[PDB]
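Chemist: There's a structure below that I have some questions on.
Chains as they are written, first to last, in the entry's author numbering: chain B, 679 to 823; chain F, 353 to 373; chain G, 3 to 95; chain H, 3 to 95; chain D, 182 to 217, 264 to 621.
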């Protein structure tokens, strides 16, 4: 009986769990995830296939941030307490996620449809008005923090 | 008539605006 | 036994016993209305003979015993041995 | 699609040869050679036109949507609806 | 001799009915009519749409009790190739090939048939975008897609279902965020209803799966990855969480209400398969679990009642074994068991309509269907009475 209980206690000691929680929290704090900044970012990329530098339009929002939220949204009920700054960042990211995902899907769809249009140059002249209004809407949005 | 204003020019202009803001 | 064959065939769905058509287009066995079945068997015999010619064109060693003429109303199973050509009306269901 | 259609219709049994025929006979496609495909499919088209006449005899509203003949040496397939005439070369078994 | 007319008619795609009837008929032509206890029945493993692919969901079509739908996430094998893989599989005549295929630009998480229309198939994806597909038409793309908006689902959707009858239908969906949304089959672009499920102090419930009492609409039941099972009314006099259950320690993965209907009323019995081998049976009127299933550890995913037998259900273990668990004959030992060869991580189990056989998903994608013993499939009035008294046991 005592040998068995010693075996089980040793196994349980090997079966501790908090250390990984601690390491993950430390990694989160070190990496300093965030979303604050511009509504979306315009960047420079030299896409292979063309000599020029393409100013492809992206969204200032890492899709992985929500993952962190879910971790917290789990670890909180797991009984492990996470630092208040991390709680705040995860909560803000979770509440703000829907807007970001709608934005990114919308901009990707717009890019796909505009490249489809310009693939057929015979039609861009007609669609120019819609492209103008969309560009105006993007121009209005981009200035926002 | 309506103009196209190629996406690259608009993108670079707004890149400049974001840089300066 | 011819009667055994008849009772075995009538057990099939939508089949009224056994009707056999010889090479003259006249059914040696009578199970349905005579004029319709006779003309139908005559057209049967004609097109199965042209099918026999068609296959022998490129297959001079094949024999015909299976053919599934199925429509949205009924299927006709036509099976020639050498002179006796069984024609069987069966529901597609 | 085209290639996927033939590929899937073929590898289901390792079929020896099928070509897509959307026209009334005389197909220019080939699977093992031009003649044995084109002439045989034209013969099939001629035969199935007669078979369609045969099925229309008993009632003109009838049309043939599916046709198979399984003989001692070959199994021939065609499913016509308006112009789509199938060909299948396959073992009797 | 034509050279381009055949080429252009091949290029022109008017082959919709052509391909439809050709496919529905050639597998029929596969028949070899040449004139010259558990037991496996049919093992299905598509080589083209299931190479190293994980079963995500399963469903049997009530309208056509030979038609099955199965899902898949994105394929790690190749990202460039289509990611959301959906398979419609048939039980007319044996064939290695799936009867229908379907693709979604997002990884597919769950899928099912529509009760309102016997041909439409509806499936929730990993992006939280409900996807509609028309079986009769020959297409690969989703026919319809719910918008990705704050009002609509945005987190990955894992349970979708159709409630009501064929003229009082309603498509209810859950996102793992806690959003319930009610749509209609005639339009899939705007939520007829939508609200964020909340238990208390406005905190949401991370819903993983949900079910409903057989023969009833509204008054839904959901399971939470937090390890807690809730009953929440759809509309009632007040929507939202109505009751919180003591529940199981780990995440609640597969939840199902009882479905068999007979001389007694058992529509209040819930089976939940958590992450601890623990298939818990309870009733909605009691806050505590009525019994516990324990023979191993570590993750039995899903549990599902048999629609014909009232005291019999199935649960499949990630260890790679499906045991058919009966209550009237036993309470501690499975009355039947079997293991899929290769010992694979069997994900999902689905009782077929009318029962008498089972469907099993796998991490490898090789879904297997197979029947049950006749002496165990069929119930009897004795089964209902003794089941009532076994409930009366404790």
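Backbone N, C-alpha and C fix where the C-beta goes; we use that ideal spot for every residue, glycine too.
(1) Who does residue 418 of chain D pair with in a DSSP beta bridge?
(2) Three-state secondary structure (DSSP) at residue 809 of chain B?
(3) Expressed to the nearest angstrom, what Euclidean distance is found between the alpha-carbon atoms of residue 318 of chain D and residue 9 of chain G?
(4) Could you have a look at residue 366 of chain F and say whether DSSP puts it in helix, strand or coil?
(5) Once DSSP output is grouped into helix, strand and coil, what is the label at residue 788 of chain B?
(6) Output needed for residue 812 of chain B: all residues of its chain with C-beta closer than 8 angstroms, excluding positions within five of it in sequence on either side, in chain order.
(7) Over what stretch of residues does the beta strand (DSSP E) that includes residue 690 of chain B continue unbroken?
(8) Starting from residue 458 of chain D, trace the alpha helix (DSSP H) in both directions and tell me its first and last residue.
(9) Residues bridged to residue 482 of chain D by DSSP?
(10) Helix, strand or coil for residue 48 of chain H, going by three-state DSSP, please let me know.
(11) Just how far apart, CA to CA, sit residue 507 of chain D and residue 615 of chain D?
(12) Which residues of the stretch 491 to 508 of chain D have a Cβ closer than 7 angstroms to any Cβ of chain B? Give them in chain order.
(13) Which of the three DSSP states is assigned to residue 447 of chain D in this structure?
(14) Just to confirm my understanding: we take residue 446 of chain D, look at its own chain, exclude 5 residues before and 5 after, and list those with CB closer than 6 angstroms. What are they?
(15) Taking the alpha helix (DSSP H) that residue 608 of chain D falls in, what are its first and last residues?
(16) Would residue 46 of chain G be called buried (16 or more neighbouring beta carbons within 10 Å of its own) or exposed?
(17) If the criterion is Cβ atoms closer than 8 angstroms, does the pair residue 512 of chain D and residue 495 of chain D meet it?
(18) Among the candidates D:211, D:289, D:282, whose CA atom is the shortest distance from the CA of residue 582 of chain D?
(19) Give me the chain H residues within the contact set of residue 183 of chain D, using Cβ-Cβ distance strictly less than 8 angstroms, ordered along the chain.
(20) For residue 87 of chain H and residue 200 of chain D, what's the separation of their Cα atoms in angstroms?
(21) Would you say the stretch 46 to 61 of chain G touches the stretch 361 to 373 of chain F, given that touching needs at least three Cβ pairs under 8 angstroms?
(22) I'd like the span of the beta strand (DSSP E) that includes residue 182 of chain H, first residue to last.
(23) Taking the runs of the alpha helix (DSSP H) that are 4 residues or longer, which of them lie wholly in the stretch 388 to 412 of chain D?
(24) Of all the options H:4, H:92, H:21, which has the alpha carbon lying nearest to the alpha carbon of residue 195 of chain D?
(25) Would you please verify whether the beta carbon of residue 81 of chain H is less than 8 angstroms from any beta carbon of chain D?
(26) With a 10 Å radius around its C-beta and 16 neighbouring C-beta atoms as the bar for buried, classify residue 605 of chain D as buried or exposed.
(27) Taking residue 585 of chain D and residue 271 of chain D to be in contact with their CB atoms under 8 angstroms, please state how far apart those CB atoms are, rounded to whole angstroms.
(28) Just to confirm before moving on: does the CB-CB distance between residue 335 of chain D and residue 277 of chain D stay below 8 angstroms?
(29) Out of D:487, D:409, D:587, point me to the one whose CA is closest to residue 357 of chain D's CA.
(30) Helix or strand or just coil, what does DSSP make of residue 19 of chain H?
(31) For residue 81 of chain H, which residues of its own chain have a beta-carbon under 6 angstroms away from its beta-carbon, when the five flanking residues on both sides are left out?
(32) Identify the continuous beta strand (DSSP E) that holds residue 570 of chain D and give its terminal residues.
(33) Run through chain G and tell me which residues come within less than 9 angstroms of residue 57 of chain H, C-beta to C-beta.
(34) For residue 580 of chain D, which residues of its own chain have a beta-carbon under 6 angstroms away from its beta-carbon, when the five flanking residues on both sides are left out?
(35) So residue 66 of chain G contacts chain H; which residues on that side make the cut at Cβ distance below 9 angstroms?
(36) Classify residue 751 of chain B: buried if its beta carbon has 16 or more other beta carbons within 10 angstroms, exposed otherwise.
Modeler: Straight from the coordinates:
(1) Position 191 of the fifth chain, counted from the start, is the residue given in the question as residue 418 of chain D. Its beta-bridge partners do not exist; DSSP assigns none.
(2) Along the first chain, one-based indexing puts residue 809 of chain B at 131. Assigned with DSSP and collapsed to three states, residue 809 of chain B falls in helix.
(3) As a working note, residue 318 of chain D is residue 91 in the fifth chain. As a working note, residue 9 of chain G is residue 7 in the third chain. Going by the C-alpha atoms only, they are around 33 angstroms apart.
(4) Taking the second chain and counting its residues from 1, one reaches residue 366 of chain F at position 14. The three-state secondary structure of residue 366 of chain F, taken from DSSP, is helix.
(5) Within the first chain, the letter at position 110 stands for residue 788 of chain B. Looking at residue 788 of chain B - three-state DSSP - the assignment turns out to be helix.
(6) Looking up residue 812 of chain B in the first chain gives position 134. Result list for residue 812 of chain B: 788, in chain order.
(7) By one-based count along the first chain, residue 690 of chain B stands at place 12. Premise fails: residue 690 of chain B lies in the alpha helix (DSSP H), 680 to 692, not in any beta strand (DSSP E).
(8) Here residue 458 of chain D refers to the residue found at position 231 when the fifth chain is read from its first residue. Note, residue 458 of chain D: premise wrong, no alpha helix (DSSP H); beta strand (DSSP E) at 455 to 460.
(9) By 1-based counting over the fifth chain, the position of residue 482 of chain D is 255. Looking at the DSSP assignment, residue 482 of chain D forms a beta bridge with D:499.
(10) Start at 1 with the first residue of the fourth chain, and residue 48 of chain H comes out as number 46. Three-state DSSP puts residue 48 of chain H in a helix.
(11) The sequence position of residue 507 of chain D within the fifth chain is 280, counting from 1. The sequence position of residue 615 of chain D within the fifth chain is 388, counting from 1. The alpha-carbon atoms of residue 507 of chain D and residue 615 of chain D are separated by roughly 17 angstroms.
(12) none
(13) Taking the first residue of the fifth chain as position 1, residue 447 of chain D is located at position 220. Reduced to three states, the DSSP call for residue 447 of chain D is strand.
(14) In the fifth chain, the residue the question calls residue 446 of chain D occupies position 219. Once the five neighbours on either side are set aside, the close Cβ partners of residue 446 of chain D are 460.
(15) The count along the fifth chain starts at 1 and reaches residue 608 of chain D at position 381. Its alpha helix (DSSP H) spans residues 608 to 618.
(16) Locating residue 46 of chain G in the third chain gives position 44, counting from the first residue. The residue in question, residue 46 of chain G, is buried, as its Cβ has 16 or more Cβ neighbours within 10 Å.
(17) Position 285 of the fifth chain, counted from the start, is the residue given in the question as residue 512 of chain D. Position 268 of the fifth chain, counted from the start, is the residue given in the question as residue 495 of chain D. In this structure, residue 495 of chain D lies closer than 8 angstroms to residue 512 of chain D by Cβ.
(18) If you number the fifth chain from 1, residue 582 of chain D lands on position 355. Considering only alpha carbons, the answer is D:289.
(19) By 1-based counting over the fifth chain, the position of residue 183 of chain D is 2. Result: 25, 28, 30.
(20) Position 85 of the fourth chain holds residue 87 of chain H. Position 19 of the fifth chain holds residue 200 of chain D. Residue 87 of chain H and residue 200 of chain D: Cα-Cα distance of roughly 12 angstroms.
(21) no
(22) What the structure shows of chain H is the stretch from 3 to 95, and residue 182 of chain H is not part of that stretch, so it cannot be assessed.
(23) none
(24) Working through the fifth chain from its first residue, we reach residue 195 of chain D at position 14. When only C-alpha atoms are compared, the closest one is H:4.
(25) Residue 81 of chain H sits at position 79 when you count from the first residue of the fourth chain. Answer yes: the Cβ-Cβ gap between residue 81 of chain H and chain D drops below 8 angstroms somewhere.
(26) Along the fifth chain, one-based indexing puts residue 605 of chain D at 378. Classification of residue 605 of chain D: exposed, given that the 10 Å Cβ count is below 16.
(27) Here residue 585 of chain D refers to the residue found at position 358 when the fifth chain is read from its first residue. Here residue 271 of chain D refers to the residue found at position 44 when the fifth chain is read from its first residue. With a contact defined as Cβ atoms closer than 8 angstroms, residue 585 of chain D and residue 271 of chain D miss out at about 13 angstroms.
(28) Translated into the one-based positions of the fifth chain, residue 335 of chain D becomes position 108. Translated into the one-based positions of the fifth chain, residue 277 of chain D becomes position 50. For residue 335 of chain D and residue 277 of chain D, no; Cβs fall outside 8 angstroms.
(29) On the fifth chain, position 130 is the one that residue 357 of chain D refers to. It is D:409 whose Cα lies nearest to the Cα of residue 357 of chain D.
(30) Here residue 19 of chain H corresponds to residue number 17 of the fourth chain, with the count starting at 1. If DSSP states are grouped into helix, strand and coil, residue 19 of chain H belongs with the strands.
(31) By 1-based counting over the fourth chain, the position of residue 81 of chain H is 79. Same-chain partners within the cutoff: 68, 88.
(32) On the fifth chain, residue 570 of chain D is found 343 positions in, with the first residue counted as 1. Segment: none, residue 570 of chain D is in no beta strand (DSSP E) and carries neither H nor E.
(33) Locating residue 57 of chain H in the fourth chain gives position 55, where the first residue counts as 1. Correct list: 71, 73, 78.
(34) Along the fifth chain, one-based indexing puts residue 580 of chain D at 353. Within the same chain, residue 580 of chain D has close Cβ partners 287, 289, 292.
(35) In the third chain, the residue the question calls residue 66 of chain G occupies position 64. 71, 73, 74, listed in chain order.
(36) What you label residue 751 of chain B is simply residue 73 of the first chain in a count that begins at 1. The residue in question, residue 751 of chain B, is buried, as its Cβ has 16 or more Cβ neighbours within 10 Å.
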